[PDB]
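Chemist: Right, I'll just put the structure down here and ask away after.
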Amino acid sequence: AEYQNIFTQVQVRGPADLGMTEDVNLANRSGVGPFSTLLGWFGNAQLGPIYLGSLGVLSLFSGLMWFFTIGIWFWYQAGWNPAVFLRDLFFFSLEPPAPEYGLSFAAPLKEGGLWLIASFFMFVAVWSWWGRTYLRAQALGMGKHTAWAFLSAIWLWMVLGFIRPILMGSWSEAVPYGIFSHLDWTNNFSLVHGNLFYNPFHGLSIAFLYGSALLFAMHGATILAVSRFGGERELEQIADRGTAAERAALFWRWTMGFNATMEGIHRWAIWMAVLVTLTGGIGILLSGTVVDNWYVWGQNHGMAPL
Amino acid sequence: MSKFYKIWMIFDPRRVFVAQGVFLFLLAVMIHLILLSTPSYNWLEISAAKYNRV
Amino acid sequence: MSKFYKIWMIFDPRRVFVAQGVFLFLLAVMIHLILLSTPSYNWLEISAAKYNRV
Amino acid sequence: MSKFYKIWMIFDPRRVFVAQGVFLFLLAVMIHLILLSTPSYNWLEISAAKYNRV
Amino acid sequence: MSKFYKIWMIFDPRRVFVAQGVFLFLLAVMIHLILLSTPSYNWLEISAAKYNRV
Amino acid sequence: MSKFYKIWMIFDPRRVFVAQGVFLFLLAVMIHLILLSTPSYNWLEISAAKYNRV
Amino acid sequence: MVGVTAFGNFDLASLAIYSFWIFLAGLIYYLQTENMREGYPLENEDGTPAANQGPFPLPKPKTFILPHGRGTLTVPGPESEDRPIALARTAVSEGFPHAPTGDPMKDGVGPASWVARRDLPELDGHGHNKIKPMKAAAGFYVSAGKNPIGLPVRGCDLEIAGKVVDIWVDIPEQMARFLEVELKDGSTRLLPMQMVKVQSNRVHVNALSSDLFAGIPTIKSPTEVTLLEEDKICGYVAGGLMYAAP
Amino acid sequence: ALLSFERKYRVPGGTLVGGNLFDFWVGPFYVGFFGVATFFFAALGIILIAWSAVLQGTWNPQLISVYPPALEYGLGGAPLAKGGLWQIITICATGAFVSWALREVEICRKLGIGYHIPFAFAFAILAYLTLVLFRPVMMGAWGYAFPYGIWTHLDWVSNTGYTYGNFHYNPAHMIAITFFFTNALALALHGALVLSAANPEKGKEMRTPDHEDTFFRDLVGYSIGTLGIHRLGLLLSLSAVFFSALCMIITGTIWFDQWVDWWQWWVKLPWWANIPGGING
Amino acid sequence: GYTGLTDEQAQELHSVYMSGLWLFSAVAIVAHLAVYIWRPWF
Amino acid sequence: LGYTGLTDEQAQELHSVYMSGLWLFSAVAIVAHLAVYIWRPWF
Amino acid sequence: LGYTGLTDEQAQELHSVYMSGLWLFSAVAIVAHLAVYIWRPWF
Amino acid sequence: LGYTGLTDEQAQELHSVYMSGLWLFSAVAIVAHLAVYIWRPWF
Amino acid sequence: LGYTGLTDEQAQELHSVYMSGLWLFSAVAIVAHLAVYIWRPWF
Amino acid sequence: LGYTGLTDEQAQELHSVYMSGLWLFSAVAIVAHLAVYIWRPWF
Amino acid sequence: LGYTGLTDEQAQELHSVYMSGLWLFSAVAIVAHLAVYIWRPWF
Ligand code: BCL
Ligand SMILES: CC[C@H]1c2cc3[nH]c4c(c3C)C(=O)[C@H](C(=O)OC)c4c3nc(cc4[nH]c(cc(n2)[C@@H]1C)c(C(C)=O)c4C)[C@@H](C)[C@@H]3CCC(=O)OC/C=C(\C)CCC[C@H](C)CCC[C@H](C)CCCC(C)C
Ligand SMILES: COC(C)(C)C/C=C/C(C)=C/C=C/C(C)=C/C=C/C(C)=C/C=C/C=C(C)/C=C/C=C(\C)CC/C=C(\C)CCC=C(C)C
Ligand SMILES: COC(C)(C)C/C=C/C(C)=C/C=C/C(C)=C/C=C/C(C)=C/C=C/C=C(C)/C=C/C=C(\C)CC/C=C(\C)CCC=C(C)C
Ligand SMILES: COC(C)(C)C/C=C/C(C)=C/C=C/C(C)=C/C=C/C(C)=C/C=C/C=C(C)/C=C/C=C(\C)CC/C=C(\C)CCC=C(C)C
Ligand SMILES: COC(C)(C)C/C=C/C(C)=C/C=C/C(C)=C/C=C/C(C)=C/C=C/C=C(C)/C=C/C=C(\C)CC/C=C(\C)CCC=C(C)C
Ligand SMILES: COC(C)(C)C/C=C/C(C)=C/C=C/C(C)=C/C=C/C(C)=C/C=C/C=C(C)/C=C/C=C(\C)CC/C=C(\C)CCC=C(C)C
Ligand SMILES: COC(C)(C)C/C=C/C(C)=C/C=C/C(C)=C/C=C/C(C)=C/C=C\C=C(C)\C=C\C=C(/C)CC/C=C(\C)CCC=C(C)C
Ligand SMILES: CCCCCCCCCCCCO[C@@H]1O[C@H](CO)[C@@H](O[C@H]2O[C@H](CO)[C@@H](O)[C@H](O)[C@H]2O)[C@H](O)[C@H]1O
Ligand SMILES: CCCCCCCCCCCC[N+](C)(C)[O-]
Ligand SMILES: [Fe+3]
């Protein structure tokens with residue numbers, strides 16, 4: 001049979017890689033954890049070390065409180081029964097306050113008060129993690145592309161839970177903390193605004209979710225195809241172009257009529273993924289605030305018969 | 001009950017002050033937000049009823 | 001019992017105190033939230049009923 | 001029977017002490033949650049009926 | 001209590017000011033948001049009804 | 001408050017000025033949109049009602 | 001502010017959807033011109049610049065500094081396939097294949113092509129060699145999988161071509177790169193791991209047949225492989241799927 | 001019009017059909033045997049969509065739709081104005097996709113690279129063939145396939161989804177959606193991580209894959225590697241499409257009722273079906 | 001010898017480990033005795 | 001032994017101070033529980 | 001200290017200009033608020 | 001011990017400053033609780 | 001002598017500038033609360 | 001036989017201690033079953 | 001101060017031209033606002 005380079009047939013293990021200390025505070029960085037043979041069949045086997053500094057403490061402890069607050073509400077909702085908690089785990093939900101309160105913070109802890117407490121913990125945990133994502137790149141002297149790409153996903157996160165509920169004047173517009181609960185919110189959000197399919201930015205946002213899936217299947221298959229020429233090390237292909245980068249480019253040149261470079265394909269990748277949540281934030285922020293029926297708005301804008 | 005000053009010979013002062021500062025901030029807001037949630041201690045609503053406001 | 005001092009010779013003092021500190025706070029937050037949920041011990045509501053604040 | 005100390009020539013004391021502490025606390029909270037769920041042992045709700053607080 | 005100046009030999013000034021500046025802005029916005037949310041302290045509405053504008 | 005000039009020996013002028021420009025502009029646009037939303041202070045509507053342009 | 005339109009039906013949602021078309025057009029211009037930093041300007045079938053260069057202008061040069069005093073790479077810049085391309089065109093007109101003027105695998109054309117890269121080893125962040133034999137790397141062992149050392153190497157013609165002597169490993173990535181295989185001639189050649197199939201009792205190389213291992217390009221140092229040697233070895237072996245499976 | 005390094009790669013060979021009959025390049029495109037087939041099928045299907053517009057009476061591209069034959073025709077042929085044109089365009093699209101996948105195989109052989117790309121494209125083709133061919137054939141009529149309109153193929157999705165209630169509750173849908181979200185998240189991380197290494201802070205040396213591992217170990221405590229991330233990206237998308245086609249080949253052929261009711265098998269397990277409390281008890 | 005202890009080190013360690021174990025059970029017995037008086041389960 | 005690097009003399013100093021905080025913590029807990037039981041007993 | 005590379009005189013030079021703009025920007029803001037409060041007070 | 005390198009002189013000087021702020025923070029909290037209890041008790 | 005490479009006299013000066021800005025920020029806040037409380041008390 | 005690095009003496013004393021623990025565990029099991037059978041017999 | 005390399009003579013020359021354009025653009029804006037205000041004032 002023919003080797004398709006999808007699983008490593010042979011694993012080689014040596015000293016634990018402790019990383020490089022460009023400007024990293026080496027005190028905060030922990031020690032190397034275990035080695036996973038199962039993960040070694042697909043990628044690296046080494047787990048850790050992890051940098052837990054000042055924004056790591058703030059993010060992990062706030063993220064713990066957000067996670068633990070929702071858990072205790074689920075134990076209360078289960079009547080403190082371990083079996084009932086297991087049974088109805090996907091049905092429990094922590095919900096925002098009723099629309100009668102608007103944006104006011106005077107809602108009882110059982111009627112959207114714990115939601116505000118959990119939401120604050122999530123606000124601190126997510127935003128602190130963006131700062132940690134920024135600062136971890138800075139200590140290694142690397143570009144901030146990870147921080148700014150993450151900021152695109154935070155944009156949709158802030159539109160769903162904070163920005164739009166402020167603009168709509170009530171916390172009841174926000175997303176409940178549950179598994180089946182936030183699926184119902186998604187289904188009902190479309191029905192209230194008249195078939196969200198006809199939102200132009202939801203349509204664009206889907207174009208880049210399919211485009212990301214299309215692009216990573218293309219890029220991942222291209223690299224594994226030219227991995228026989230040392231194509232996986234894309235960083236050294238950028239510095240000194242080799243036969244892997246030339247065959248990868250000439251495949252898509254002969255197929256599509258245009259191609260990319262080894263570095264330029266990762267600009268397509270980052271820009272295709274950030275538009276998924278950048279466009280989604282606008283479409284969500286326009287729903288109800290500017291358009292309260294996307295099928296009727298569509299009818300006036302082509303897109304649908306009169 | 002006096003040799004607690006040795007704890008700064010074991011624990012990094014920078015990490016301890018940061019964790020303690022994070023803990024108090026999160027704790028203070030949670031208690032303040034609880035008091036707002038309880039209608040009997042919401043000091044904004046209490047004054048509204050007392051002084052005949054909205 | 002008098003030889004319990006050798007636990008530190010096994011466990012890192014730095015790791016034990018972190019694990020214990022997070023443990024106690026979540027244990028204490030859990031217990032308060034259980035009393036808060038139960039109407040018989042919600043001291044915020046018990047005081048309101050006593051002093052006619054609602 | 002008076003030779004059980006030799007288990008510690010087999011198992012690392014650090015992994016046993018961590019695993020045991022996780023096990024016992026998880027076991028203890030599980031039993032306390034079983035008693036809270038059963039209404040004939042809910043000591044929070046048993047006391048409410050006895051002193052007629054509700 | 002007059003030795004708090006020694007905190008600057010521990011924490012880097014470039015990091016404290018950024019941490020402090022972010023915190024004070026978000027605290028000010030958070031309190032201003034609470035006041036606007038409650039109709040008793042929404043000053044834009046208070047003047048609107050005081051001068052009979054709407 | 002006479003030694004504030006030394007803050008520039010800590011923070012790069014390029015990063016401070018850009019950060020303020022984003023902050024000051026976003027702050028002003030936020031407040032202008034907050035006023036434009038409230039019907040009492042919407043200066044475009046006030047002129048129409050005052051001059052009977054509708 | 002539902003239904004508020006500046007003109008016609010152009011509301012705030014129309015301003016947003018039309019602003020995105022302009023932003024997307026600017027982004028596609030940027031993303032495409034950032035991908036013209038290699039392989040441009042376009043050439044004719046013989047080497048001269050073509051009369052058509054496309055709608056998109058070339059970008060402006062950027063300098064890449066190299067991480068171990070290896071120089072500054074500026075793209076786009078002067079380019080040349082620094083090697084003797086041994087091909088003769090099959091037609092006077094353009095768009096037709098070029099036939100090799102001899103042995104294609106040795107001459108380095110077609111699917112057996114190689115690029116004249118920097119003739120130095122690739123370095124990790126510590127400045128050492130990224131790839132080195134496992135018996136020289138310290139502490140490296142085969143943690144899982146069939147240890148493919150001492151197994152015979154069978155070619156695509158189902159004839160044995162040698163047996164594995166060592167494994168060349170990527171030190172920072174911690175993955176196997178090449179198999180060093182000793183031939184009946186007594187010499188050693190490198191075979192990329194992606195091109196081998198390690199079975200339970202042998203290593204099968206579908207690309208080359210038995211009487212082609214002696215033609216794999218060799219390495220100037222027993223414990224050090226350079227980018228030029230990697231490209232010749234990888235290009236030669238993978239070029240046998242087309243020119244060496246008759 | 002060749003790339004500066006393209007002359008040594010244009011060699012004759014690696015053609016499944018022909019060998020010199022259709023072995024040439026028209027501009028940058030490779031015209032294989034299946035390039036001739038792909039162009040004919042791509043061109044015919046487009047002009048049929050243009051022709052179906054004049055039968056529909058519209059020129060707005062967002063209103064043009066080609067509808068499948070009505071449910072009264074079953075699985076046979078149909079008149080051209082009703083649904084016969086859809087069947088020709090579906091055949092033309094099916095021919096163009098398979099020829100495009102087959103044409104990519106000839107390009108892989110001529111460059112001597114692996115066949116990962118054509119294999120991954122066949123997953124898209126199989127998902128498409130599931131929606132227009134396999135699933136309608138099981139259900140019994142061509143009228144269950146989606147129409148060929150920009151905004152009317154969304155109406156097919158919405159109408160089909162709400163036939164079974166909220167489609168979020170399809171268990172294979174949830175798995176597929178998870179793979180799609182993970183694939184886009186990993187694509188943002190992969191592009192950003194490589195770009196930050198190639199474009200460091202300022203006046204700094206280009207970083208190394210040792211900085212790429214270190215960044216993600218500092219961040220999330222693990223790093224899948226440079227080879228692992230590309231295997232993962234390929235497998236996340238193929239998995240996303242596999243469970244996409246899985247969730248629709250079981251909808252209306254095996255499962256017929258609301259997808260919410262499926263999850264009552266868990267909530268009605270015998271050992272906790274009767275315990276009072278919670279949401280369902 | 002997997003953990004690298006000596007024979008007397010295991011003797012010393014296990015003596016303390018049992019010392020804590022009987023301390024834990026002594027509280028557990030008192031805890032279980034107190035509950036049985038308050039509310040028996042048998 | 002000595003996984004953490006603490007000597008026997010250093011471990012005694014650490015444990016002695018650790019118990020001092022433990023007993024201080026529980027004494028507050030005992031007074032707190034005694035105050036609650038007098039206020040609203042649960043048994 | 002001195003993490004920016006500016007000398008002592010440069011920080012004096014930069015601050016004097018920054019404060020000039022700050023007072024100039026604030027002076028307009030105060031007049032802007034003074035006009036608005038006269039036209040339509042919010043208190 | 002010796003995990004951070006702070007001497008006894010440094011540890012005593014660090015603890016003395018830190019414990020000074022602890023009583024300053026605890027005194028403000030005690031006054032705040034006393035003030036709130038007079039205004040609106042919870043027991 | 002420290003964790004940040006700052007001499008004691010450097011720390012003495014930096015803290016004095018900081019506390020100067022903190023009294024200024026605090027004093028302006030006290031005026032704001034005092035004006036708001038007289039305008040519309042929250043107690 | 002090998003396969004682990006044990007010896008005849010090492011396996012015998014390992015079995016002696018292990019099997020003694022097996023009887024100790026079964027000693028509790030018999031007593032517990034006997035008490036349950038007195039309380040609520042299932043036979 | 002060499003963040004960009006302007007030699008204090010280009011910056012003076014550059015800033016003179018920028019202010020010349022700045023005043024011209026402000027001059028046209030003032031005329032436009034005076035024209036709109038006389039047309040229909042917004043105050
Ligand atoms: C019936 C329901 C409606 C519908 C209602 C909605 C609603 C409502 C929304 C979407 C949105 C989207 N829809 Mg839709 N959608 C429908 C039909 C579809 C169909 C289809 C084939 O029919 C598809 C493919 C899609 C796909 C999409 C995406 C393009 C888009 C989601 C982007 C995203 O990744 O957000 C997911 C990513 C985020 C939300 C960002 C999260 C990042 C945060 C900061 C990270 C937090 C981590 C957290 C703390 C956990 C930590 C864990 C530990 C770290 C381990 N929809 C139908 C018509 N859809 C969203 C959108 O924006 O579109 C406009 C959206 O709000
Ligand atoms: C399976 C994983 C993902 C994937 C992978 C993937 N796609 C691929 C490939 C791969 C690996 C290619 O190699 C191939 C390629 O070359 O890409 C540039 C391709 C490709 N995927 C494409 C599109 C595409 N992929 C999609 C999805 C996905 N592709 C998956 C999510 C989608 C979605 C979700 O909508 C689209 C639109 C093309 C860019 C390209 C294949 C081009 C092709 O087939 O060329 C020949 C055919 C034509 C030129 C057009 C023929 C037109 C018909 C005759 C008429 C119209 C028929 C059509 C059904 C009408 C639709 C109407 C409405 C529904 C709008
Ligand atoms: C839901 O349940 C609720 C929340 C309602 C109930 C739950 C309540 C719980 C669990 C409460 C838990 C409370 C706890 C654990 C409180 C602990 C509080 C503590 C320990 C506060 C300590 C504060 C100490 C402070 C603020 C000290 C500050 C010191 C300074 C500011 C000085 C710093 C300067 C220094 C150190 C310079 C010295 C440097 C040199 C070099 C000498
Ligand atoms: C759902 O079920 C419920 C929750 C209702 C019931 C379940 C309840 C359960 C399972 C409860 C479990 C409780 C347990 C196991 C509690 C254990 C508590 C412990 C062990 C508390 C110990 C506290 C000790 C403390 C706080 C000691 C603090 C000491 C210091 C702060 C001093 C610092 C140390 C110094 C200074 C050492 C210095 C010396 C040197 C050499 C540096
Ligand atoms: C919903 O919440 C609302 C919005 C209602 C309430 C929230 C209110 C909040 C949080 C308000 C916060 C307000 C703040 C933080 C205001 C702070 C304003 C400040 C500090 C403004 C300072 C402005 C200073 C400026 C604009 C100075 C500019 C200086 C120049 C233009 C001069 C140019 C400088 C040069 C040339 C230096 C160059 C270097 C040399 C050597 C010459
Ligand atoms: C659904 O079906 C139902 C449940 C209704 C009925 C089905 C019941 C079934 C299928 C039950 C199956 C039961 C079985 C197979 C039970 C087997 C039980 C056994 C064999 C338990 C053995 C326990 C052994 C123990 C606890 C041994 C402990 C040993 C020690 C504590 C000594 C410690 C070991 C040391 C110190 C190693 C010595 C080291 C050196 C170096 C000498
Ligand atoms: C919804 O919210 C509303 C809109 C209602 C409220 C929002 C209000 C806001 C955000 C107001 C903000 C207003 C601001 C900040 C306005 C700023 C305006 C400025 C700064 C205008 C400046 C114009 C300057 C110009 C046009 C200068 C042009 C110069 C030239 C055309 C000449 C070019 C000269 C060169 C290049 C010099 C070359 C010299 C050398 C030696 C090379
Ligand atoms: C046995 O289990 C234990 C108890 C140990 C732990 C178990 C925990 C469990 C079961 C956790 C379950 C967690 C789940 C199901 C989480 C689901 C989360 C979901 C689906 C979230 C989806 C969307 C959430 C969003 C979009 C949140 C957005 C929030 C913001 C954008 C910021 C919100 C901040 C606000 C609203 C204002 C806060 C400000 C103040 C001043 C309160
Ligand atoms: C491609 C990127 C660049 C786009 C062009 C650059 C300018 C961007 C702004 C264009 C705004 C004008 O866009 C134009 O708006 C009017 C406003 O109702 C639309 O509306 C007009 O046609 C529609 C559709 O028949 C009618 O329902 C409507 O009654 C009529 O007024 C036009 O259909 C649209 O073409
Ligand atoms: C759906 C089209 C399938 C065509 C597959 C490609 C052809 C395979 C056989 C090629 C070799 C044939 N032949 C006669 C030379 O042996
Ligand atoms: Fe890549």
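Chain labels follow the order of the structure tokens: the first chain is A, the next B, and so on; residue numbering restarts at 1 in every chain, and ligands are counted from 1 in their shown order.
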Write out as a list in words each polymer residue whose atoms come within 8 Å of residue 14 of chain I, counting only C-alpha atoms; drop sequence neighbours fewer than 3 positions from it.

Modeler: residues 4, 5 and 8 of chain D; 10, 11, 17 and 18 of chain I

Chemist: Quick one: residues within 12 Å of ligand 10, with only C-alpha atoms and all ligand atoms, as a JSON list (two decimals) with N, CA, C and O atoms, in the first residue's frame?

Modeler:
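File written: selection_8.json
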[["chain", "number", "residue", "atom", "x", "y", "z"],
["G", 246, "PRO", "N", 7.78, 1.76, -15.28],
["G", 246, "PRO", "CA", 7.36, 1.34, -16.62],
["G", 246, "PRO", "C", 7.06, -0.16, -16.68],
["G", 246, "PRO", "O", 7.99, -0.94, -16.92],
["H", 14, "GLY", "N", 1.75, 11.52, -17.43],
["H", 14, "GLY", "CA", 0.79, 11.52, -16.34],
["H", 14, "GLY", "C", -0.63, 11.82, -16.76],
["H", 14, "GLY", "O", -1.34, 12.54, -16.05],
["H", 15, "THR", "N", -1.07, 11.28, -17.90],
["H", 15, "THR", "CA", -2.41, 11.49, -18.41],
["H", 15, "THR", "C", -3.16, 10.17, -18.41],
["H", 15, "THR", "O", -2.70, 9.19, -18.99],
["H", 16, "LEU", "N", -4.33, 10.16, -17.76],
["H", 16, "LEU", "CA", -5.12, 8.94, -17.69],
["H", 16, "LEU", "C", -5.69, 8.57, -19.06],
["H", 16, "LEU", "O", -5.76, 7.39, -19.41],
["H", 17, "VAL", "N", -6.12, 9.57, -19.83],
["H", 17, "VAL", "CA", -6.72, 9.36, -21.14],
["H", 17, "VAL", "C", -6.01, 10.26, -22.13],
["H", 17, "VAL", "O", -5.77, 11.44, -21.85],
["H", 18, "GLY", "N", -5.68, 9.72, -23.29],
["H", 18, "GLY", "CA", -4.99, 10.48, -24.33],
["H", 18, "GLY", "C", -3.47, 10.32, -24.24],
["H", 18, "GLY", "O", -2.95, 9.23, -24.44],
["H", 19, "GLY", "N", -2.78, 11.41, -23.94],
["H", 19, "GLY", "CA", -1.34, 11.38, -23.80],
["H", 19, "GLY", "C", -0.68, 12.49, -24.59],
["H", 19, "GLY", "O", 0.27, 13.12, -24.12],
["H", 32, "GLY", "N", -6.59, 18.87, -20.06],
["H", 32, "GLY", "CA", -6.48, 17.44, -20.18],
["H", 32, "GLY", "C", -7.56, 16.89, -21.09],
["H", 32, "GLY", "O", -8.24, 17.61, -21.81],
["H", 33, "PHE", "N", -7.71, 15.57, -21.04],
["H", 33, "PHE", "CA", -8.91, 14.97, -21.61],
["H", 33, "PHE", "C", -10.14, 15.44, -20.84],
["H", 33, "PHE", "O", -11.18, 15.73, -21.44],
["H", 34, "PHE", "N", -10.04, 15.51, -19.52],
["H", 34, "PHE", "CA", -11.15, 15.93, -18.67],
["H", 34, "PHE", "C", -11.26, 17.44, -18.54],
["H", 34, "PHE", "O", -12.26, 17.93, -18.01],
["H", 37, "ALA", "N", -13.75, 17.86, -21.15],
["H", 37, "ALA", "CA", -15.04, 17.47, -20.58],
["H", 37, "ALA", "C", -15.53, 18.50, -19.57],
["H", 37, "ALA", "O", -16.72, 18.83, -19.55],
["H", 94, "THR", "N", -22.88, 17.36, -12.37],
["H", 94, "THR", "CA", -22.24, 16.12, -11.94],
["H", 94, "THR", "C", -21.08, 15.75, -12.85],
["H", 94, "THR", "O", -20.04, 15.28, -12.39],
["H", 95, "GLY", "N", -21.25, 15.95, -14.16],
["H", 95, "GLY", "CA", -20.15, 15.69, -15.08],
["H", 95, "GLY", "C", -19.00, 16.65, -14.90],
["H", 95, "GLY", "O", -17.83, 16.26, -15.01],
["H", 96, "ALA", "N", -19.30, 17.92, -14.62],
["H", 96, "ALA", "CA", -18.25, 18.92, -14.48],
["H", 96, "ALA", "C", -17.44, 18.71, -13.21],
["H", 96, "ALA", "O", -16.23, 18.96, -13.19],
["H", 97, "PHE", "N", -18.09, 18.28, -12.13],
["H", 97, "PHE", "CA", -17.38, 18.09, -10.87],
["H", 97, "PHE", "C", -16.46, 16.87, -10.93],
["H", 97, "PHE", "O", -15.32, 16.93, -10.47],
["H", 98, "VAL", "N", -16.95, 15.77, -11.49],
["H", 98, "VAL", "CA", -16.14, 14.56, -11.57],
["H", 98, "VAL", "C", -14.99, 14.75, -12.56],
["H", 98, "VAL", "O", -13.87, 14.28, -12.33],
["H", 99, "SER", "N", -15.24, 15.45, -13.66],
["H", 99, "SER", "CA", -14.17, 15.77, -14.59],
["H", 99, "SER", "C", -13.14, 16.69, -13.95],
["H", 99, "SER", "O", -11.94, 16.54, -14.20],
["H", 100, "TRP", "N", -13.59, 17.65, -13.15],
["H", 100, "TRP", "CA", -12.66, 18.53, -12.45],
["H", 100, "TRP", "C", -11.81, 17.76, -11.46],
["H", 100, "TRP", "O", -10.61, 18.01, -11.32],
["H", 101, "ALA", "N", -12.42, 16.81, -10.74],
["H", 101, "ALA", "CA", -11.66, 15.96, -9.83],
["H", 101, "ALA", "C", -10.71, 15.05, -10.59],
["H", 101, "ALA", "O", -9.57, 14.82, -10.16],
["H", 102, "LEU", "N", -11.16, 14.50, -11.72],
["H", 102, "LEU", "CA", -10.31, 13.63, -12.53],
["H", 102, "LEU", "C", -9.19, 14.42, -13.21],
["H", 102, "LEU", "O", -8.10, 13.90, -13.42],
["H", 103, "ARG", "N", -9.46, 15.68, -13.57],
["H", 103, "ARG", "CA", -8.43, 16.51, -14.19],
["H", 103, "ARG", "C", -7.34, 16.87, -13.18],
["H", 103, "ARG", "O", -6.18, 17.05, -13.56],
["H", 105, "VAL", "N", -6.25, 14.88, -10.96],
["H", 105, "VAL", "CA", -5.41, 13.70, -10.80],
["H", 105, "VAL", "C", -4.30, 13.70, -11.84],
["H", 105, "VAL", "O", -3.16, 13.30, -11.55],
["H", 106, "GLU", "N", -4.60, 14.15, -13.06],
["H", 106, "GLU", "CA", -3.57, 14.24, -14.08],
["H", 106, "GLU", "C", -2.52, 15.28, -13.72],
["H", 106, "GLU", "O", -1.34, 15.13, -14.04]]

Chemist: Using only C-alpha atoms and all ligand atoms, what are the residues with an atom within 6 Å of ligand 5, set out as number ranges by chain?

Modeler: E: 25, 28-29, 32-33; F: 31; K: 13-14, 17-18, 21-22, 25

Chemist: Keeping C-alpha atoms for every residue in the selection just given, could you write it to a file as a short mmCIF file (atom, residue, chain, number, x, y, z; two decimals), in the first residue's frame?

Modeler:
data_model
loop_
_atom_site.label_atom_id
_atom_site.label_comp_id
_atom_site.auth_asym_id
_atom_site.auth_seq_id
_atom_site.Cartn_x
_atom_site.Cartn_y
_atom_site.Cartn_z
CA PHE E 25 -11.89 53.14 32.65
CA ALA E 28 -16.15 54.16 35.43
CA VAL E 29 -18.09 52.83 32.44
CA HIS E 32 -22.12 54.91 34.59
CA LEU E 33 -23.93 52.06 32.82
CA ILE F 31 -21.78 60.19 23.50
CA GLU K 13 10.06 69.04 25.60
CA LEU K 14 7.35 66.50 24.80
CA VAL K 17 3.64 70.34 23.95
CA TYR K 18 1.27 67.60 25.14
CA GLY K 21 -2.78 70.54 23.28
CA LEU K 22 -4.59 69.11 26.30
CA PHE K 25 -8.60 70.62 23.62
#

Chemist: Let me see if you get this right: every residue at most 7 Å from ligand 1, counting only C-alpha atoms and all ligand atoms, written as a list in words.

Modeler: residues 122, 126, 153, 154, 156, 157, 160, 186, 187, 189, 190, 195, 196, 197, 201, 202, 205, 206, 209, 276, 277, 279, 280, 281, 283 and 284 of chain A; 157, 158 and 181 of chain H

Chemist: Please identify all residues of chain B having at least one atom at most 7 Å from any atom of chain L, considering only C-alpha atoms, and return them as a PyMOL selection string.

Modeler: chain B and resi 5-6+8-12

Chemist: Please measure the separation of atom CA of residue 2 of chain H and atom CA of residue 94 of chain G, giving the value in Å to one decimal.

Modeler: 10.1 Å

Chemist: Per DSSP on the backbone, filter chain B down to the residues in alpha helix (DSSP H) and report them as a ChimeraX atom specification.

Modeler: /B:13-37,43-50

Chemist: Rounded to one decimal place, report the atom CA of residue 36 of chain K-atom CA of residue 27 of chain M distance in Å.

Modeler: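 Answer for the atom CA of residue 36 of chain K to atom CA of residue 27 of chain M separation: 26.2 Å.
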